[PDB]
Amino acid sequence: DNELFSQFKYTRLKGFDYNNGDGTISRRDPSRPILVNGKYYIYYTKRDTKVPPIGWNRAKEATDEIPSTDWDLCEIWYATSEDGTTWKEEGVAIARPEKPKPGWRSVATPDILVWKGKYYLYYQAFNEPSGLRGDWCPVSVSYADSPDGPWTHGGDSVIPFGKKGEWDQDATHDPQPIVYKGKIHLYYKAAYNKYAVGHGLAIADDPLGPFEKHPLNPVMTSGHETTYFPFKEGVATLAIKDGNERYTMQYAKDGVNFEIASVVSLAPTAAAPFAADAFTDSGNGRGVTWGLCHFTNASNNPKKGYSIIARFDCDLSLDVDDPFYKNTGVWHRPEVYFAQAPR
């Protein structure tokens, strides 16, 4: 049967503290891990703030200490691990720059590119507390000679928005590049129109750009989030629609035209698969068995919101056939049901 079908199993990470879950510390949107000198490295949004987020709808009340949303007032931090489950949080990778440089308010939602022996982080740059009035968080890039720092600012707004009226015109969220067909292929997302969510491709020969939009964008018309990895000579994705249990693996022979390969369930949010060959230009993608993800509803109390990062394992790999991941049913214990309570 189907090489892009799998189940997902979850493991709590070791090594990250969250002030006992009081909403003042949050880690989310981890990057796909890379392996360098026998350590995995990951980069993620990290918030550490005096008070938990005050709410989108109250972005008015945010100050330089009080965040409006979970991703406001953040930096990008990084961690190393030998086995992918126990992590050591190392320190800041991307600090917010000085006001009013883009990002001065928050840098968030990173992903990694390895290119010609240097390391590049792409991430969203915020200039105002999120939720006022409408966003504008274009993508910045920084770079380094080492997976540890130090990191040097590279550019701001490095993915062009679209001309007025295009689907593309206000956003390039979640930048995520792979190396495909000898070029940097960077996927990203934008809500448009009853809003829908598109995914686009932007291509460059230079990590600092320029990046040019693919003429078929939006390459996908469905899916609140997606994550991509080289697979055979194409590109596979996991696609999620937020809140419903319709999750699909999709596959494009050309990295561009996507067709459903499988329907999966309980799939990770902000999934960040490890793939040895993400940046390798194989033409021969082997697929994946583990990576990181997040949960944004870590707290019970929505006035003390935070997120945590977590690990998933799966079998979406050509070099592994593990029937433990190939069952077709899901069984929840009664507590899961009692957590869906009446009013």
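A residue's number is simply how far along the shown sequence it sits, counting from 1.
- The stretch of deposited sequence separating residue 244 from residue 245 contains no residues lacking coordinates in this entry.
- Stretches 52 to 60 and 26 to 34 differ in mean CA B factor, with 52 to 60 having the higher one.
- Note on 11 to 19 vs 317 to 325: mean CA B-factor is higher in 317 to 325.
- Of the candidates 174, 135, 156, 148, the PDB record gives 135 the highest C-alpha temperature factor.
- The PDB entry assigns the greatest CA B-factor among 233, 111, 90, 75 to 233.
- The PDB entry assigns residue 280 a C-alpha temperature factor belonging to the highest third of its chain's modelled residues.
- For residue 45, the recorded CA temperature factor ranks within the lowest third of the chain's modelled residues.
- Residue 223 sits in the highest third of its chain by CA B factor, as recorded in the PDB entry.
- Compared with the other modelled residues of the chain, the Cα B-factor recorded for residue 301 ranks in the highest third.
- Looking at the C-alpha B-factors along this chain, the one for residue 167 belongs to the highest third.
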